[PDB]
>>> print(open('input.cif').read())   # mmCIF, C-alpha atoms; chains and numbers go by the auth columns
data_work
#
loop_
_atom_site.group_PDB
_atom_site.id
_atom_site.type_symbol
_atom_site.label_atom_id
_atom_site.label_comp_id
_atom_site.label_asym_id
_atom_site.label_seq_id
_atom_site.Cartn_x
_atom_site.Cartn_y
_atom_site.Cartn_z
_atom_site.B_iso_or_equiv
_atom_site.auth_seq_id
_atom_site.auth_asym_id
ATOM 1 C CA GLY A 1 78.364 -37.303 84.802 0.00 2 K
ATOM 2 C CA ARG A 2 79.840 -34.858 87.343 0.00 3 K
ATOM 3 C CA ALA A 3 79.844 -32.118 84.638 0.00 4 K
ATOM 4 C CA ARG A 4 76.017 -32.605 84.262 0.00 5 K
ATOM 5 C CA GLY A 5 76.259 -32.925 80.468 0.00 6 K
ATOM 6 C CA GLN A 6 77.849 -29.457 80.490 0.00 7 K
ATOM 7 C CA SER B 1 97.753 -32.375 103.086 0.00 681 Z
ATOM 8 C CA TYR B 2 95.953 -31.969 99.738 0.00 682 Z
ATOM 9 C CA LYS B 3 92.463 -33.472 99.338 0.00 683 Z
ATOM 10 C CA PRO B 4 90.754 -34.436 96.078 0.00 684 Z
ATOM 11 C CA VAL B 5 87.987 -32.048 94.951 0.00 685 Z
ATOM 12 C CA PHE B 6 85.816 -31.635 91.865 0.00 686 Z
ATOM 13 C CA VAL B 7 85.749 -28.029 90.547 0.00 687 Z
ATOM 14 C CA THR B 8 82.184 -27.130 89.460 0.00 688 Z
ATOM 15 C CA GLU B 9 82.007 -23.387 88.760 0.00 689 Z
ATOM 16 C CA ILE B 10 84.436 -20.516 88.219 0.00 690 Z
ATOM 17 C CA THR B 11 83.080 -17.032 88.961 0.00 691 Z
ATOM 18 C CA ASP B 12 83.870 -13.793 87.097 0.00 692 Z
ATOM 19 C CA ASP B 13 85.687 -12.620 90.252 0.00 693 Z
ATOM 20 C CA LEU B 14 88.139 -15.565 90.113 0.00 694 Z
ATOM 21 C CA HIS B 15 86.450 -17.490 92.927 0.00 695 Z
ATOM 22 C CA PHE B 16 85.388 -21.074 92.381 0.00 696 Z
ATOM 23 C CA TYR B 17 83.163 -23.769 93.811 0.00 697 Z
ATOM 24 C CA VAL B 18 84.326 -27.287 94.581 0.00 698 Z
ATOM 25 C CA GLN B 19 82.819 -30.550 95.803 0.00 699 Z
ATOM 26 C CA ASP B 20 84.716 -32.907 98.128 0.00 700 Z
ATOM 27 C CA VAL B 21 85.390 -36.129 96.203 0.00 701 Z
ATOM 28 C CA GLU B 22 85.155 -38.142 99.453 0.00 702 Z
ATOM 29 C CA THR B 23 81.412 -37.342 99.618 0.00 703 Z
ATOM 30 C CA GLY B 24 80.670 -37.596 95.862 0.00 704 Z
ATOM 31 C CA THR B 25 79.035 -41.025 96.310 0.00 705 Z
ATOM 32 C CA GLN B 26 76.737 -39.669 99.031 0.00 706 Z
ATOM 33 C CA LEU B 27 75.650 -36.757 96.821 0.00 707 Z
ATOM 34 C CA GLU B 28 75.011 -39.190 93.959 0.00 708 Z
ATOM 35 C CA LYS B 29 72.881 -41.451 96.210 0.00 709 Z
ATOM 36 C CA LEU B 30 70.892 -38.492 97.607 0.00 710 Z
ATOM 37 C CA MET B 31 70.169 -37.249 94.075 0.00 711 Z
ATOM 38 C CA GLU B 32 69.136 -40.744 92.963 0.00 712 Z
ATOM 39 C CA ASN B 33 66.779 -41.047 95.961 0.00 713 Z
ATOM 40 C CA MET B 34 65.495 -37.481 95.670 0.00 714 Z
ATOM 41 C CA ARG B 35 64.595 -37.941 91.988 0.00 715 Z
ATOM 42 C CA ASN B 36 62.869 -41.240 92.595 0.00 716 Z
ATOM 43 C CA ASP B 37 60.773 -39.450 95.207 0.00 717 Z
ATOM 44 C CA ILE B 38 60.070 -36.524 92.834 0.00 718 Z
ATOM 45 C CA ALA B 39 58.925 -38.937 90.094 0.00 719 Z
ATOM 46 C CA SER B 40 56.150 -40.089 92.481 0.00 720 Z
ATOM 47 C CA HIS B 41 55.407 -36.652 94.010 0.00 721 Z
ATOM 48 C CA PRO B 42 55.234 -34.267 90.994 0.00 722 Z
ATOM 49 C CA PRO B 43 55.690 -30.527 91.864 0.00 723 Z
ATOM 50 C CA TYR B 44 55.152 -25.232 96.832 0.00 728 Z
ATOM 51 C CA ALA B 45 55.162 -21.465 97.392 0.00 729 Z
ATOM 52 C CA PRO B 46 58.661 -20.147 96.525 0.00 730 Z
ATOM 53 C CA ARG B 47 59.867 -17.500 98.983 0.00 731 Z
ATOM 54 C CA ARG B 48 63.220 -15.832 99.568 0.00 732 Z
ATOM 55 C CA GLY B 49 65.742 -17.703 101.762 0.00 733 Z
ATOM 56 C CA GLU B 50 63.807 -20.929 101.436 0.00 734 Z
ATOM 57 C CA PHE B 51 65.270 -24.191 100.222 0.00 735 Z
ATOM 58 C CA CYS B 52 63.632 -25.884 97.236 0.00 736 Z
ATOM 59 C CA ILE B 53 64.230 -28.240 94.373 0.00 737 Z
ATOM 60 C CA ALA B 54 64.950 -26.674 90.972 0.00 738 Z
ATOM 61 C CA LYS B 55 64.929 -28.274 87.534 0.00 739 Z
ATOM 62 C CA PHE B 56 68.261 -27.616 85.772 0.00 740 Z
ATOM 63 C CA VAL B 57 68.962 -27.530 81.988 0.00 741 Z
ATOM 64 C CA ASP B 58 69.816 -31.258 81.899 0.00 742 Z
ATOM 65 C CA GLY B 59 66.153 -31.817 82.807 0.00 743 Z
ATOM 66 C CA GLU B 60 67.063 -33.095 86.279 0.00 744 Z
ATOM 67 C CA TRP B 61 65.996 -31.759 89.652 0.00 745 Z
ATOM 68 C CA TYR B 62 68.610 -30.483 92.144 0.00 746 Z
ATOM 69 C CA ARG B 63 68.723 -28.919 95.597 0.00 747 Z
ATOM 70 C CA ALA B 64 68.522 -25.136 95.597 0.00 748 Z
ATOM 71 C CA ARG B 65 67.966 -22.011 97.668 0.00 749 Z
ATOM 72 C CA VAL B 66 65.683 -19.160 96.585 0.00 750 Z
ATOM 73 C CA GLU B 67 67.724 -15.944 96.559 0.00 751 Z
ATOM 74 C CA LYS B 68 65.321 -13.492 94.871 0.00 752 Z
ATOM 75 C CA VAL B 69 61.745 -13.639 93.539 0.00 753 Z
ATOM 76 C CA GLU B 70 61.760 -11.120 90.692 0.00 754 Z
ATOM 77 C CA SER B 71 58.380 -12.166 89.313 0.00 755 Z
ATOM 78 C CA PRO B 72 56.425 -15.422 88.917 0.00 756 Z
ATOM 79 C CA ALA B 73 58.421 -16.048 85.720 0.00 757 Z
ATOM 80 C CA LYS B 74 61.784 -15.055 87.269 0.00 758 Z
ATOM 81 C CA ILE B 75 62.858 -16.803 90.456 0.00 759 Z
ATOM 82 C CA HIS B 76 66.587 -16.516 91.173 0.00 760 Z
ATOM 83 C CA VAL B 77 68.033 -19.703 92.662 0.00 761 Z
ATOM 84 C CA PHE B 78 71.427 -20.944 93.834 0.00 762 Z
ATOM 85 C CA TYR B 79 72.203 -24.664 93.384 0.00 763 Z
ATOM 86 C CA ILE B 80 73.639 -25.515 96.780 0.00 764 Z
ATOM 87 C CA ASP B 81 75.514 -28.653 95.669 0.00 765 Z
ATOM 88 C CA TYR B 82 77.146 -27.105 92.543 0.00 766 Z
ATOM 89 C CA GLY B 83 77.402 -23.346 93.097 0.00 767 Z
ATOM 90 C CA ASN B 84 75.803 -22.126 89.863 0.00 768 Z
ATOM 91 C CA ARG B 85 72.900 -19.654 89.786 0.00 769 Z
ATOM 92 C CA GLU B 86 69.869 -19.604 87.534 0.00 770 Z
ATOM 93 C CA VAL B 87 66.704 -17.621 86.914 0.00 771 Z
ATOM 94 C CA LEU B 88 63.709 -19.804 86.352 0.00 772 Z
ATOM 95 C CA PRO B 89 59.925 -19.878 86.193 0.00 773 Z
ATOM 96 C CA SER B 90 57.761 -21.457 88.870 0.00 774 Z
ATOM 97 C CA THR B 91 57.142 -24.556 86.688 0.00 775 Z
ATOM 98 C CA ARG B 92 60.760 -25.515 87.467 0.00 776 Z
ATOM 99 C CA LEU B 93 60.494 -25.192 91.271 0.00 777 Z
ATOM 100 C CA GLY B 94 59.292 -27.661 93.912 0.00 778 Z
ATOM 101 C CA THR B 95 59.400 -28.376 97.645 0.00 779 Z
ATOM 102 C CA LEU B 96 62.606 -29.799 99.087 0.00 780 Z
ATOM 103 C CA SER B 97 61.385 -32.712 101.235 0.00 781 Z
ATOM 104 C CA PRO B 98 62.840 -33.009 104.782 0.00 782 Z
ATOM 105 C CA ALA B 99 64.315 -36.374 103.696 0.00 783 Z
ATOM 106 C CA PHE B 100 66.800 -34.504 101.474 0.00 784 Z
ATOM 107 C CA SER B 101 67.582 -31.468 103.666 0.00 785 Z
ATOM 108 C CA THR B 102 71.038 -30.044 104.392 0.00 786 Z
ATOM 109 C CA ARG B 103 70.731 -31.739 107.769 0.00 787 Z
ATOM 110 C CA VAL B 104 70.607 -35.116 105.956 0.00 788 Z
ATOM 111 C CA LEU B 105 73.586 -34.152 103.708 0.00 789 Z
ATOM 112 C CA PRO B 106 75.303 -30.761 103.864 0.00 790 Z
ATOM 113 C CA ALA B 107 75.447 -28.425 100.856 0.00 791 Z
ATOM 114 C CA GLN B 108 78.140 -30.005 98.647 0.00 792 Z
ATOM 115 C CA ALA B 109 79.641 -26.936 96.934 0.00 793 Z
ATOM 116 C CA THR B 110 82.098 -24.695 98.818 0.00 794 Z
ATOM 117 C CA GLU B 111 83.273 -21.288 97.589 0.00 795 Z
ATOM 118 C CA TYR B 112 87.027 -20.644 97.600 0.00 796 Z
ATOM 119 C CA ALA B 113 89.568 -18.223 96.171 0.00 797 Z
ATOM 120 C CA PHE B 114 93.232 -18.658 95.301 0.00 798 Z
ATOM 121 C CA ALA B 115 95.742 -17.946 98.016 0.00 799 Z
ATOM 122 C CA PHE B 116 98.689 -15.585 97.416 0.00 800 Z
ATOM 123 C CA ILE B 117 97.265 -14.023 94.246 0.00 801 Z
ATOM 124 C CA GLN B 118 95.442 -10.773 93.507 0.00 802 Z
ATOM 125 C CA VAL B 119 92.361 -10.845 91.295 0.00 803 Z
ATOM 126 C CA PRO B 120 93.176 -8.386 88.461 0.00 804 Z
ATOM 127 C CA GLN B 121 91.250 -5.090 88.754 0.00 805 Z
ATOM 128 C CA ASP B 122 91.391 -4.366 85.006 0.00 806 Z
ATOM 129 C CA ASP B 123 88.326 -5.996 83.423 0.00 807 Z
ATOM 130 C CA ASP B 124 90.094 -7.536 80.404 0.00 808 Z
ATOM 131 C CA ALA B 125 93.044 -8.845 82.497 0.00 809 Z
ATOM 132 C CA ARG B 126 90.593 -10.410 84.949 0.00 810 Z
ATOM 133 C CA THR B 127 88.724 -12.027 82.024 0.00 811 Z
ATOM 134 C CA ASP B 128 92.028 -13.465 80.751 0.00 812 Z
ATOM 135 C CA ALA B 129 92.765 -14.983 84.202 0.00 813 Z
ATOM 136 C CA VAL B 130 89.206 -16.369 84.620 0.00 814 Z
ATOM 137 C CA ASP B 131 89.303 -17.788 81.123 0.00 815 Z
ATOM 138 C CA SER B 132 92.614 -19.590 81.832 0.00 816 Z
ATOM 139 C CA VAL B 133 91.257 -21.191 84.980 0.00 817 Z
ATOM 140 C CA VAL B 134 87.988 -22.182 83.231 0.00 818 Z
ATOM 141 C CA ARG B 135 89.952 -23.948 80.451 0.00 819 Z
ATOM 142 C CA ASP B 136 92.294 -25.673 82.871 0.00 820 Z
ATOM 143 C CA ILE B 137 90.164 -26.719 85.845 0.00 821 Z
ATOM 144 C CA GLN B 138 86.440 -26.196 85.320 0.00 822 Z
ATOM 145 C CA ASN B 139 84.643 -29.581 85.623 0.00 823 Z
ATOM 146 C CA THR B 140 87.789 -31.493 86.538 0.00 824 Z
ATOM 147 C CA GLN B 141 89.140 -33.224 89.588 0.00 825 Z
ATOM 148 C CA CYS B 142 91.912 -31.297 91.374 0.00 826 Z
ATOM 149 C CA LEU B 143 93.770 -31.401 94.694 0.00 827 Z
ATOM 150 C CA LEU B 144 93.078 -28.669 97.246 0.00 828 Z
ATOM 151 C CA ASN B 145 94.709 -27.321 100.361 0.00 829 Z
ATOM 152 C CA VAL B 146 93.106 -24.662 102.554 0.00 830 Z
ATOM 153 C CA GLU B 147 95.785 -22.040 103.240 0.00 831 Z
ATOM 154 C CA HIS B 148 94.043 -19.243 105.199 0.00 832 Z
ATOM 155 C CA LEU B 149 90.742 -17.659 106.172 0.00 833 Z
ATOM 156 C CA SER B 150 89.750 -14.131 105.185 0.00 834 Z
ATOM 157 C CA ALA B 151 87.033 -11.532 105.544 0.00 835 Z
ATOM 158 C CA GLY B 152 85.311 -13.380 102.713 0.00 836 Z
ATOM 159 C CA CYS B 153 85.733 -16.984 101.592 0.00 837 Z
ATOM 160 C CA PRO B 154 88.771 -19.122 102.509 0.00 838 Z
ATOM 161 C CA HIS B 155 91.821 -19.005 100.250 0.00 839 Z
ATOM 162 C CA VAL B 156 93.395 -22.201 98.970 0.00 840 Z
ATOM 163 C CA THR B 157 96.067 -23.673 96.750 0.00 841 Z
ATOM 164 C CA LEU B 158 95.003 -26.093 94.008 0.00 842 Z
ATOM 165 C CA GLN B 159 97.080 -28.710 92.221 0.00 843 Z
ATOM 166 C CA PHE B 160 96.443 -30.385 88.886 0.00 844 Z
ATOM 167 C CA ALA B 161 95.584 -34.044 89.480 0.00 845 Z
ATOM 168 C CA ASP B 162 98.204 -35.337 87.032 0.00 846 Z
ATOM 169 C CA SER B 163 101.269 -33.031 87.150 0.00 847 Z
ATOM 170 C CA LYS B 164 100.630 -31.889 90.742 0.00 848 Z
ATOM 171 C CA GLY B 165 101.424 -28.370 89.390 0.00 849 Z
ATOM 172 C CA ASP B 166 100.154 -25.495 91.568 0.00 850 Z
ATOM 173 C CA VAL B 167 97.309 -23.856 89.580 0.00 851 Z
ATOM 174 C CA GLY B 168 97.570 -20.368 91.108 0.00 852 Z
ATOM 175 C CA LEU B 169 101.341 -20.461 90.686 0.00 853 Z
ATOM 176 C CA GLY B 170 100.710 -21.374 86.998 0.00 854 Z
ATOM 177 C CA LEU B 171 98.717 -18.097 86.693 0.00 855 Z
ATOM 178 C CA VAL B 172 101.580 -16.097 88.170 0.00 856 Z
ATOM 179 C CA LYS B 173 104.127 -17.849 85.926 0.00 857 Z
ATOM 180 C CA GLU B 174 101.990 -16.922 82.900 0.00 858 Z
ATOM 181 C CA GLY B 175 101.811 -13.285 84.049 0.00 859 Z
ATOM 182 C CA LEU B 176 97.995 -13.516 84.301 0.00 860 Z
ATOM 183 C CA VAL B 177 97.861 -12.402 87.945 0.00 861 Z
ATOM 184 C CA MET B 178 100.036 -10.556 90.458 0.00 862 Z
ATOM 185 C CA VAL B 179 101.213 -11.985 93.765 0.00 863 Z
ATOM 186 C CA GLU B 180 99.366 -11.109 96.972 0.00 864 Z
ATOM 187 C CA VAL B 181 101.897 -10.896 99.801 0.00 865 Z
ATOM 188 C CA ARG B 182 101.018 -12.106 103.324 0.00 866 Z
ATOM 189 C CA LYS B 183 102.962 -11.723 106.611 0.00 867 Z
ATOM 190 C CA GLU B 184 102.477 -15.180 108.222 0.00 868 Z
ATOM 191 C CA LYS B 185 105.913 -16.719 108.531 0.00 869 Z
ATOM 192 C CA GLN B 186 104.638 -20.146 107.434 0.00 870 Z
ATOM 193 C CA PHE B 187 103.691 -18.567 104.082 0.00 871 Z
ATOM 194 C CA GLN B 188 107.112 -17.076 103.402 0.00 872 Z
ATOM 195 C CA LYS B 189 108.583 -19.963 101.357 0.00 873 Z
ATOM 196 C CA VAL B 190 105.540 -20.268 99.089 0.00 874 Z
ATOM 197 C CA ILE B 191 105.199 -16.466 98.713 0.00 875 Z
ATOM 198 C CA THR B 192 108.916 -16.184 97.830 0.00 876 Z
ATOM 199 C CA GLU B 193 108.385 -18.897 95.171 0.00 877 Z
ATOM 200 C CA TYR B 194 105.373 -16.947 93.801 0.00 878 Z
ATOM 201 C CA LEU B 195 107.393 -13.676 93.728 0.00 879 Z
ATOM 202 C CA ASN B 196 110.195 -15.511 91.917 0.00 880 Z
ATOM 203 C CA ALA B 197 107.744 -16.753 89.226 0.00 881 Z
ATOM 204 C CA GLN B 198 106.241 -13.208 89.002 0.00 882 Z
ATOM 205 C CA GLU B 199 109.615 -11.613 88.344 0.00 883 Z
ATOM 206 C CA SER B 200 110.356 -14.284 85.692 0.00 884 Z
ATOM 207 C CA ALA B 201 106.932 -13.606 84.102 0.00 885 Z
ATOM 208 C CA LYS B 202 107.844 -9.911 84.050 0.00 886 Z
ATOM 209 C CA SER B 203 111.207 -10.671 82.426 0.00 887 Z
ATOM 210 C CA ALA B 204 109.467 -12.894 79.805 0.00 888 Z
ATOM 211 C CA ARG B 205 106.976 -10.055 79.192 0.00 889 Z
ATOM 212 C CA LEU B 206 103.902 -12.290 79.506 0.00 890 Z
ATOM 213 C CA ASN B 207 100.261 -11.118 79.663 0.00 891 Z
ATOM 214 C CA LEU B 208 100.076 -8.392 82.424 0.00 892 Z
ATOM 215 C CA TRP B 209 103.756 -7.640 81.681 0.00 893 Z
ATOM 216 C CA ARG B 210 103.540 -7.742 77.854 0.00 894 Z
ATOM 217 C CA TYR B 211 104.808 -4.180 77.468 0.00 895 Z
ATOM 218 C CA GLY B 212 107.074 -4.122 80.532 0.00 896 Z
ATOM 219 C CA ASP B 213 106.406 -3.167 84.145 0.00 897 Z
#
>>> encode(input="input.cif", output="structure tokens")
Amino acid sequence: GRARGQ
Amino acid sequence: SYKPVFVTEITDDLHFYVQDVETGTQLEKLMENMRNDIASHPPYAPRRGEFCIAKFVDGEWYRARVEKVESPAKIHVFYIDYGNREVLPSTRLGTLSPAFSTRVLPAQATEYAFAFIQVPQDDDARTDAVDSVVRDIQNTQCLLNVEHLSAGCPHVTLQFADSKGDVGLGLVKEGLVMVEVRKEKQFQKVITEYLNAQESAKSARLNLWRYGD
């Protein structure tokens, strides 16, 4: 989840 | 001594933001607690320079700083823990409670640039370099070593987590960037290595050197 869904 | 970091954002000027992995848990906890508090205190008078919370495109609230109020529909913010910027309406802004201030946990994103490389001045060459780095490191965990300060942000070397390959050196090897020479004697071995890769890139006629030198 560190990419924030991106 | 390389430290693990998570690369969050790459800028068009070949700078990049990273988060220290050693404090990733603390950021996660703060966000969890902040959002629980927001859920009970639903969204403040946005003004320039002020901290706030801002609702990102994943529908979650994050810590931010107001950089410019263009209009009530266009407030320019900077997400202090990630390094990205966004223009948003006032419905997506709130107060940052003292419980979640930068005194409680510092801003988690730090801006850096690559040591020993020049950012290409030609727009298309710079795009090629940025694009490479985005593909290879954006939203990934890397290793980082701070090399030197500057009149600007600090310059660093990055390594790929797996191969331990030097990322900036990879750019030079590919002919995507030129080497930036420094005088410090402790940088001579690494700069010589970078110049060696640059000359090989030139001989292979890669990217910047496609048509010769």
>>> resolve_selection(input="input.cif", expression="the PyMOL selection byres ((chain Z) within 8 of (chain K))", output="ChimeraX atom specification")
/Z:688,742,823
>>> closest_residue(input="input.cif", among="Z:776, Z:808, Z:768, Z:834", to="residue 738 (chain Z)", atoms="all atoms listed in the file")
Z:776
>>> resolve_selection(input="input.cif", expression="the PyMOL selection byres ((chain Z and resi 790) around 12)", output="PyMOL selection string")
chain Z and resi 699-700+703-704+706-707+710+747+764-765+784-789+791-794
>>> write_last_selection(input="input.cif", atoms="C-alpha atoms", output="short mmCIF file (atom, residue, chain, number, x, y, z; two decimals), keeping the file's coordinate frame")
data_model
loop_
_atom_site.label_atom_id
_atom_site.label_comp_id
_atom_site.auth_asym_id
_atom_site.auth_seq_id
_atom_site.Cartn_x
_atom_site.Cartn_y
_atom_site.Cartn_z
CA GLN Z 699 82.82 -30.55 95.80
CA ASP Z 700 84.72 -32.91 98.13
CA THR Z 703 81.41 -37.34 99.62
CA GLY Z 704 80.67 -37.60 95.86
CA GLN Z 706 76.74 -39.67 99.03
CA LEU Z 707 75.65 -36.76 96.82
CA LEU Z 710 70.89 -38.49 97.61
CA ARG Z 747 68.72 -28.92 95.60
CA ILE Z 764 73.64 -25.52 96.78
CA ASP Z 765 75.51 -28.65 95.67
CA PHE Z 784 66.80 -34.50 101.47
CA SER Z 785 67.58 -31.47 103.67
CA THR Z 786 71.04 -30.04 104.39
CA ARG Z 787 70.73 -31.74 107.77
CA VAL Z 788 70.61 -35.12 105.96
CA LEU Z 789 73.59 -34.15 103.71
CA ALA Z 791 75.45 -28.42 100.86
CA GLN Z 792 78.14 -30.00 98.65
CA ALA Z 793 79.64 -26.94 96.93
CA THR Z 794 82.10 -24.70 98.82
#
>>> resolve_selection(input="input.cif", expression="the PyMOL selection byres ((chain Z and resi 875) around 10)", output="list in words")
residues 799, 800, 801, 853, 863, 864, 865, 866, 867, 868, 869, 870, 871, 872, 873, 874, 876, 877, 878, 879, 880 and 881 of chain Z
>>> closest_residue(input="input.cif", among="Z:892, Z:862, Z:885, Z:855", to="residue 802 (chain Z)", atoms="only C-alpha atoms")
Z:862
>>> residues_around(input="input.cif", residues="residue 693 (chain Z)", least_positions_apart="3", cutoff="12 Å", atoms="only C-alpha atoms", output="PyMOL selection string")
chain Z and resi 689-690+696-697+795-798+802-815+817
>>> write_last_selection(input="input.cif", atoms="C-alpha atoms", output="PDB file, in the frame of the given file")
ATOM      1  CA  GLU Z 689      82.007 -23.387  88.760  1.00  0.00           C
ATOM      2  CA  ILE Z 690      84.436 -20.516  88.219  1.00  0.00           C
ATOM      3  CA  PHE Z 696      85.388 -21.074  92.381  1.00  0.00           C
ATOM      4  CA  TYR Z 697      83.163 -23.769  93.811  1.00  0.00           C
ATOM      5  CA  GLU Z 795      83.273 -21.288  97.589  1.00  0.00           C
ATOM      6  CA  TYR Z 796      87.027 -20.644  97.600  1.00  0.00           C
ATOM      7  CA  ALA Z 797      89.568 -18.223  96.171  1.00  0.00           C
ATOM      8  CA  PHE Z 798      93.232 -18.658  95.301  1.00  0.00           C
ATOM      9  CA  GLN Z 802      95.442 -10.773  93.507  1.00  0.00           C
ATOM     10  CA  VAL Z 803      92.361 -10.845  91.295  1.00  0.00           C
ATOM     11  CA  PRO Z 804      93.176  -8.386  88.461  1.00  0.00           C
ATOM     12  CA  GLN Z 805      91.250  -5.090  88.754  1.00  0.00           C
ATOM     13  CA  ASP Z 806      91.391  -4.366  85.006  1.00  0.00           C
ATOM     14  CA  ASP Z 807      88.326  -5.996  83.423  1.00  0.00           C
ATOM     15  CA  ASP Z 808      90.094  -7.536  80.404  1.00  0.00           C
ATOM     16  CA  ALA Z 809      93.044  -8.845  82.497  1.00  0.00           C
ATOM     17  CA  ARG Z 810      90.593 -10.410  84.949  1.00  0.00           C
ATOM     18  CA  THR Z 811      88.724 -12.027  82.024  1.00  0.00           C
ATOM     19  CA  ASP Z 812      92.028 -13.465  80.751  1.00  0.00           C
ATOM     20  CA  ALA Z 813      92.765 -14.983  84.202  1.00  0.00           C
ATOM     21  CA  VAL Z 814      89.206 -16.369  84.620  1.00  0.00           C
ATOM     22  CA  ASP Z 815      89.303 -17.788  81.123  1.00  0.00           C
ATOM     23  CA  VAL Z 817      91.257 -21.191  84.980  1.00  0.00           C
TER      24      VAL Z 817
END
>>> atom_distance(input="input.cif", atom1="CA of residue 824 (chain Z)", atom2="CA of residue 743 (chain Z)")
22.0 Å
>>> residues_near_point(input="input.cif", point="(60.0, -21.8, 90.4)", cutoff="8 Å", atoms="all atoms listed in the file", output="JSON, numbers by chain")
{"Z": [730, 738, 756, 757, 758, 759, 772, 773, 774, 775, 776, 777, 778]}
>>> closest_residue(input="input.cif", among="Z:836, Z:859, Z:767, Z:723", to="residue 891 (chain Z)", atoms="only C-alpha atoms")
Z:859
>>> closest_residue(input="input.cif", among="Z:842, Z:683, Z:825, Z:893", to="residue 857 (chain Z)", atoms="only C-alpha atoms")
Z:893
>>> atom_distance(input="input.cif", atom1="CA of residue 779 (chain Z)", atom2="CA of residue 728 (chain Z)")
5.3 Å
>>> closest_residue(input="input.cif", among="Z:719, Z:771, Z:698, Z:861", to="residue 752 (chain Z)", atoms="all atoms listed in the file")
Z:771
